[PDB]
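For reference, the chains in residue letters:
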Amino acid sequence: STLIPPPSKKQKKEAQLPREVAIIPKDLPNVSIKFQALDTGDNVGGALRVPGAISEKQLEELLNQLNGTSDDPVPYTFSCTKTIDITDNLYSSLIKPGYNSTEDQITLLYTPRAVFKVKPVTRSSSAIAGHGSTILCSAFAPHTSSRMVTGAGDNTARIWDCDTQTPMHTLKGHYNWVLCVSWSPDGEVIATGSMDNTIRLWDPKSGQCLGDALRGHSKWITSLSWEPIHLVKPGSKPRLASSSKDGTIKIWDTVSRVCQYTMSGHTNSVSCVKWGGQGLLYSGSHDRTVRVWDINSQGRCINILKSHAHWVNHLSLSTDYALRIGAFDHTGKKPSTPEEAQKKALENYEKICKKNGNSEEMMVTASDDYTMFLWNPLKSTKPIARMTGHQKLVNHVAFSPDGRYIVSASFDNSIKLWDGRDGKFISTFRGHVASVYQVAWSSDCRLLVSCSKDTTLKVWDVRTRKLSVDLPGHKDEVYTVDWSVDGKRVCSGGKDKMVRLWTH
Amino acid sequence: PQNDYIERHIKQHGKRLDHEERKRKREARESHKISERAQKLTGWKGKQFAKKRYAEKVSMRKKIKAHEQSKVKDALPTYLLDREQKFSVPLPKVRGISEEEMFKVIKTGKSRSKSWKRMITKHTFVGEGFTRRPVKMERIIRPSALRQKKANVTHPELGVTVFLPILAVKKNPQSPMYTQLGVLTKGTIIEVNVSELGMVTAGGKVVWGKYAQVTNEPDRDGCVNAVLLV
Amino acid sequence: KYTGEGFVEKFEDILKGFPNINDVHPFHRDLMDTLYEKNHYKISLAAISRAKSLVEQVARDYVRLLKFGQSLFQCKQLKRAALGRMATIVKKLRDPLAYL
Amino acid sequence: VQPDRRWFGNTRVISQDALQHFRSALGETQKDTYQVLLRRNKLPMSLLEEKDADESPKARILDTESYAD
RNA sequence: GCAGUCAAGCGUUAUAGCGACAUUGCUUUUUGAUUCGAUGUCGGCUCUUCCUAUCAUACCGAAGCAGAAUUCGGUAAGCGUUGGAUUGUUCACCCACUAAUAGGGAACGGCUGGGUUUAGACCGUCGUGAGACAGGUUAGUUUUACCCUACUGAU
RNA sequence: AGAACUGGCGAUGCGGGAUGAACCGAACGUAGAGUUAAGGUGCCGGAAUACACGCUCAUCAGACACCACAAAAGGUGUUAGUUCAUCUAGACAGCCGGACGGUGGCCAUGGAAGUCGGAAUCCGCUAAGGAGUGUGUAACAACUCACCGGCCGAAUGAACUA
Ligand SMILES: [Mg+2]
Ligand SMILES: [Mg+2]
Ligand SMILES: [Mg+2]
Ligand SMILES: [Mg+2]
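Residues numbered from 1 in each chain as written, not as in the entry; some residues may be left out. Chains lettered and ligands numbered in written order. Part of a larger assembly, values for the part shown. Heavy atoms only, no water.

For this deposited structure, the header cites cryo-EM as the method used and 2.43 Å as the resolution.

Here's what the structure looks like:
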């Protein structure tokens, strides 16, 4: 093992020299600050003088009092614009480096945060066998972190109880590889799209198949997406959009088990389909185009977006986490009635969608031209931005749950973090030595987990933009990684035919 | 003339009046011509003609097989389909190379009477920071044109070959003297940088140095080919 | 050396003959881009240029190696290696040559 | 060559912490004109030479469309 | 070259092993951008002939070969295939003329310059020294023919 | 390349292999007669231009060492075999006729009707007939062949071996 160079004699002498303690001076004067919302750019309170002995908690409470919402305060994180965040107190964050002094005014941008905290995963909870071939896909239940669905290459899926880390159900309807699995946003049904050009629906509690397969595709299923609960009227079950290699997007009404709409505009294989929160479907296909369809206009292709020079491998929406989670939260509390579920899902969607004046749902498309494009399909037909810098193809892309950050996992053994509004480059997560296959955010948008071809998972802290922990343990390439809704467990699977559960 | 003027001229005026019959009779004569060529061409032309005839017959048989086969009638994820690709060493025993073959006598002096210098005739690895000894004390000569820094290393798993930099010469099977001189011959164990292979230990450490065995004669083929020891 | 010179002469005849599409009048540039797909055109000619450079490198390297050949068998093997590598480089050009 | 399990083990490994330390160090170095290199350290320089690039290389158009098409 | 893949065959009743033709990876990646150790033999002059593996001249075949020019190929050695520049090196590169400035054997299994150049001398490196060399420079007598045959002419 | 045994040769001429260190025969006093070995018997040259059954034609055959060139490769040279098939309810060639209908199947294209392309490649009626084997058209047309039938009347075709 190659080691870092040891300290020299002079360095050891300086280390033996007495250290200086960083203490707040008792004669620290007052400094003038201006609070500015990062999301809206609305200045609150004008400019106000505060003592230099303020803390982050006291600044947070002072901002809540200035807003006038003290009964239910909402946590914030503060930064000054280089853009340097306030760690503990204003003096040690800004005045101590000397960049901003007590005489000059300090403009602090504040961003709302999550009241809950996700501890980083640091060890493998368990290594569970049972699959006869390589694991191809995995997902968690939206309502609970105790149920995981995993589809593999032995023509089967499994439902794993994550409490005891033991298998609970086996789903054995397909004849070929289970290429994709998806839990319904209401948590009532698991959809598995397979290599045998079929889609099956399963009741998870009984571990049973809901009648017959959904047939009609001529090639294998490439992606499954669900209709959002906040758009599904109460008393109804969400529909299932499905893309496939044959270039079609089929919409399935599951209560009647019929196929309603068949979108056909793509000339090559559809990489992914996504059901947005405004009655729209976004499809990315190997014909180098992104097609936007309207479900309220009989499935007609409203928009064709052409800016890539190669296959668009993946696409992600700003509200993807909210649309996946439906009416649930990190607490796992279930709604009482479907009307309550619809209203709660509406609020969950709105918190991310409608901010800074008008509701927007940004899209990001990661392609094989080593780049990504950031679009706002409702407002304009041109891309908002082009994100370049990756040396090889961008395989996976994901918006943060709050929609403020974009993470791209590429085949150049790297992950790139970009701003979620204008697409400007922020940082590069390095440390993987093989291609990064896919990535997953945590619920509080502070931690990222990535699985690589180098048989390792890696957890990164977004705030410090550095590696948090490196998790080996898989004996072969890892193909899929997911993080629980409550942020307690991480599931990983790949070519070693084992399911790894990780927790703090 | 411009664009497809010959095609337009054929469309407007036709061809020569005997064109079809002439072409037909030439195509009929082709069988006799082929047999006469096979029995009459001599030397290199005859050998090339026979080689091409064999290749054509093989290709035609393959085409017939494909037509009849059509007339008779790894578990990769979604983002990876439609994308294509004991402790015994593989050479436990190799040809022995004597000092007479390994070294070449270099004579010095105006009348060429002194013969203490030797030149290594094989390829060598000298390593980082190599400086030639002063010529007055340079007994063993490793010419710079025969020095090597990289090798085509093949991983037995996943079936790939990468041009990797050499790190050291671990063991030359001929002699420890050739090991310490860095001689690169067939069967030599070398250390290679495997950083681009993305290997990680069970403990999480990145592997960037492993062993490979040379499988060719670089003095004969101009390059070092090696198989990784996994 | 003679085989390398032959390959380089053929490649140079190819590279000097074809127009420089970015240096002709813009009307001719647009017409040839419409007809032949300028991207493919320039990529094929760049493939020819890269093959020429690689063939020259092979010839120089194997003449320098042949300087130290000790027997007829070794010299013959080195010459065959040089010519086979040249053949590999040339056979990689099967598609750009048909296009051109 | 005798059979030996020393031939199949790893010879050089490096930890993630050491990798990050060398990656951060490559960029903090201010070269002085009066310092000469006496001995270069042996490191996985291919893993260590990672500089952020503002632009991507051009996409391979031959993957989507061949010369014949 | 190394490492594989395929399989027309070969082999067999243990669906082992050999395996032609094809084919992949590395060397080598996309926008035609921008000299690295020959350790022992070499060049000329004059002049003859041979080979063909043909550069030109003759006659042909093919090619998006309109014409002009050019490329690839067949028979073909009858006939030609040059003048110069460079010795701080040329195991060649440039300039030009030209129909063209093709390759090679009969040496490399008579004059003449570099080299087998011994005695003189200097410089460099090594050696305690006599000296030797990693080396560099300069100066340095070998002189048949009337014999036989072959050849050219002559009785 | 290293070991062990056994031969031949040096010290040895003679017959034969045109010629010869290690190949075939045979070892040696001086002669006569006879018979042979190996090798030969068109002429040089002693001895059948003997007899017999087959094969081969080479625009520099072969008369050889049995190794290499040699890939048991190429050939519309020729000969003999082996195994499969088709056949008087008709074999192979040839000529003539049929070769249809949904349908110009779907997508794509300025145009694309079997025949620039991408995916289906199904059904009917058949004696048979491809959602087409090629020529051809800007697209059609037209011709073809895959298959079927009429005339003809007896053996034929393929793949291997030597
Ligand atoms: Mg000739
Ligand atoms: Mg002297
Ligand atoms: Mg007689
Ligand atoms: Mg020969």
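Moving on from the coordinates now.
## Focus on the overall build of chain C
A tally of helices and strands in chain C yields five helices and zero strands. The secondary structure elements of chain C, listed N-terminal to C-terminal, are α-α-α-α-α. Taken over the C-alpha atoms alone, chain C extends approximately 60 × 20 × 15 Å along its principal axes. Taking all 100 residues of chain C together, the buried fraction comes to 27%. Sequence separation of 24 or more characterises 68% of the internal contacts of chain C that already satisfy a separation of 6 or more. Here chain C has roughly 6,600 Å² of accessible surface; of this, 56% comes from carbon and sulfur atoms. (Helix = DSSP H or I, 4+ residues; strand = E, 2+ residues; numbered from the N terminus. Buried < 20%, exposed > 50% of the residue type's maximum accessible area, 1.4 Å probe, protein only. Contact = heavy atoms within 4.5 Å. Areas by Shrake-Rupley, 256 points an atom, 1.4 Å probe, with all protein chains shown as cover.)

## Considerations on the overall build of chain D
The helix and strand tally for chain D stands at three helices and one strand. Helices (α) and strands (β) of chain D occur, in sequence order from the N terminus, as β-α-α-α. A compact globule built from 69 residues would reach a C-alpha radius of gyration of about 11 Å, whereas chain D, at 21 Å, exceeds it by more than 25%. Principal-axis analysis of the C-alpha atoms gives chain D an extent of 55 × 50 × 25 Å. The buried share of chain D, taken over its 69 residues, is 22%. (Rg over C-alpha atoms; globule rule 2.2 N^0.38 Å.)

## So, the interface of chain D and chain B
In this assembly, 23 residues from chain D lie in contact with 27 residues from chain B. Summed over both partners, the interface of chain D with chain B comes to about 2,300 Å²; 64% of that surface belongs to carbon and sulfur atoms. A per-residue breakdown of the area chain D buries against chain B is headed by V1, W7 and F8 of chain D, which together make up 34% of the total. Linking chain D to chain B there are two salt bridges. A salt bridge links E191 of chain B to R12 of chain D; its shortest N-O distance comes to 2.7 Å. At the surface where chain D touches chain B, the tally comes to eight residue pairs in polar contact. Looking at the side of chain D that touches chain B, the element that brings in the most residues is strand β1 (residues 12-14) of chain D, giving three residues. Examined bridge by bridge, strand β10 (residues 206-214) of chain B and β1 of chain D share three bridges and lie antiparallel to one another. Across the sheet, residue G209 of chain B finds its bridge partner in β1 of chain D, namely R12 of chain D. (Buried area = accessible area lost by both parts, 1.4 Å probe. Salt bridge = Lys/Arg side-chain N within 4 Å of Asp/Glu carboxyl O. Polar contact = N/O pair within 3.5 Å; in protein donor to acceptor, adjacent residues only side chain to side chain. Pairing = 2+ DSSP bridges.)

## Some remarks on the protein's contact with RNA strand F
Residue and element names in this part refer to chain B. Taken together, 13 residues form the shell around RNA strand F, and within it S35, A38, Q39, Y54 and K57 come nearest. In the interface set of RNA strand F, defined as its atoms within 4 Å of the protein, sugar plus phosphate atoms amount to 77%. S35 places a polar side-chain atom, nitrogen or oxygen, 2.3 Å from a phosphate oxygen of RNA strand F. Here a base nitrogen of RNA strand F sits 3.2 Å away from a polar atom, N or O, in the main chain of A38. Those elements that provide at least two residues to the surface near RNA strand F are α2 (19-40) and α3 (43-72). For the surface near RNA strand F, the element with the highest residue contribution is α3, accounting for six residues. Taken together, the residues that form the surface near RNA strand F break down as four nonpolar, four polar and five charged. (Near = heavy atom within 4 Å. Nonpolar A, V, L, I, M, F, W, Y, C, P; charged D, E, K, R; others polar.)

## Some details on the environment of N172 of chain B
All names here are of chain B. Secondary-structure assignment places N172 in the loop between β6 (160-171) and α5 (176-181). Each C-alpha atom of the pair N172 and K107 lies 27 Å from the other, and the pair is 65 residues apart in sequence. Every residue in contact with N172, bar those within four places of it in the chain, is listed here: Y178, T179, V183, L184, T185 and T188.

## Observations regarding the sheet that holds strand β1 (residues 103-108) of chain B
Residue and element names in this part refer to chain B. The strand order β1-β2-β4 describes an open sheet built from three strands, whose pairing is mixed. The outermost strands of the open sheet, each flanked by one partner alone, are β1 and β4 (140-141). Relative to β4, strand β2 (residues 114-120) runs parallel, the two being bridged by two bridges. Looking at β4, one finds that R118 is bridged to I140.

## Re the nonpolar core
Counting residues in each nonpolar core, the largest one holds 27 residues, and the members touching the most others are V449, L457, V459, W483 and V490 of chain A. Of all the secondary structure elements, the ones that give two or more residues to this core are β32 (436-441), β33 (447-452), β34 (457-461), β35 (466-471) and β36 (478-483) of chain A. In terms of residue count, the dominant contributor to this core is β36 of chain A (four residues). Among all residues touching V490 of chain A, those that are not within four sequence positions of it are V121, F140, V449, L457, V481, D482, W483, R500, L501 and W502 of chain A. Within the second largest apolar cluster, 20 residues are counted, among which are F11, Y62, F68 and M86 of chain C. (Core = buried A, V, L, I, M, F, W, Y, C linked by side-chain atoms within 4.5 Å.)

## Considering the pattern of salt bridges
Any two side chains of opposite charge can pair if their charged atoms end up close together. For the structure on display, the rule yields 28 salt bridges over all chains. Connected through shared salt-bridge partners, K416 and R430 of chain A together with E50 and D52 of chain D make up one network.

## So, empty space enclosed by the protein
Computed from the structure, the second largest cavity encloses a volume of approximately 40 Å³. Of the residues that constitute the lining of the second largest cavity, the class distribution is five nonpolar, four polar and one charged. (1 Å grid on protein atoms, 1.4 Å probe; cavity = no way out; pocket = protein on both sides within 12 Å on 5 of 7 lines; lining within 4 Å. Points joined across faces, edges and corners; volume = space filled by probe spheres on them.)

## Comments concerning the pairing of strand β11 (residues 225-228) of chain B
All names here are of chain B. Side chains of β11 alternate between two faces, with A226 and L228 buried and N225 and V227 left unburied. Pairing geometry for strand β5 (residues 150-155) and β11, over three bridges, is parallel. Counted as the bridge partner of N152 is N225 from β11. Note: β10 against β11, three bridges, orientation antiparallel. Counted as the bridge partner of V214 is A226 from β11.

## Let's talk about the packing of aromatic side chains
The final tally for this structure, using the stated rule, is 13 aromatic pairs over all chains. When the centroid spacing of 5.1 Å and the interplanar angle of 10° are considered together, the rings of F429 of chain A and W460 of chain A count as stacked. Of this pair, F429 of chain A sits in strand β31 (residues 425-430) while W460 of chain A is found in strand β34, placing the two residues 31 residues apart along the sequence. For the residue pair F429 of chain A and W460 of chain A, the accessibility class agrees, reading buried in each case. When the ring of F7 of chain C is compared with that of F11 of chain C, the centres are 6.4 Å apart and the planes differ by 20°; the resulting orientation is stacked. (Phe/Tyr/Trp six-rings, centres within 6.5 Å; stacked < 30°, edge-to-face > 60°.)

## So, the interface of chain C and chain D
Residue-level contacts link eight residues of chain C with five residues of chain D. At the boundary of chain C with chain D, total buried surface from both sides reaches about 580 Å², with 70% on carbon and sulfur atoms. Ranking the residues of chain C by area buried against chain D places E37, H40 and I43 of chain C at the top, with a combined share of 66%. On the surface where chain C and chain D come into contact, there are zero salt bridges. Counting every contact that joins chain C to chain D gives two residue pairs in polar contact. Elements supplying a minimum of two residues to the side of chain C that touches chain D: α3 (38-66) and α5 (94-99) of chain C. Per-element tally for the side of chain C that touches chain D: the top contributor is α3 of chain C, with four residues. Classifying every residue of the side of chain C that touches chain D gives three nonpolar, three polar and two charged.

## Digging into the side chain of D219 of chain B
Summarising the element assignment, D219 of chain B is placed in helix α6 (residues 218-221). Here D219 of chain B occupies a buried position and makes no salt bridge, while the nearest side chain of opposite charge, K122 of chain B, is found at 4.3 Å. (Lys, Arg positive; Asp, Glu negative; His and termini not counted.)

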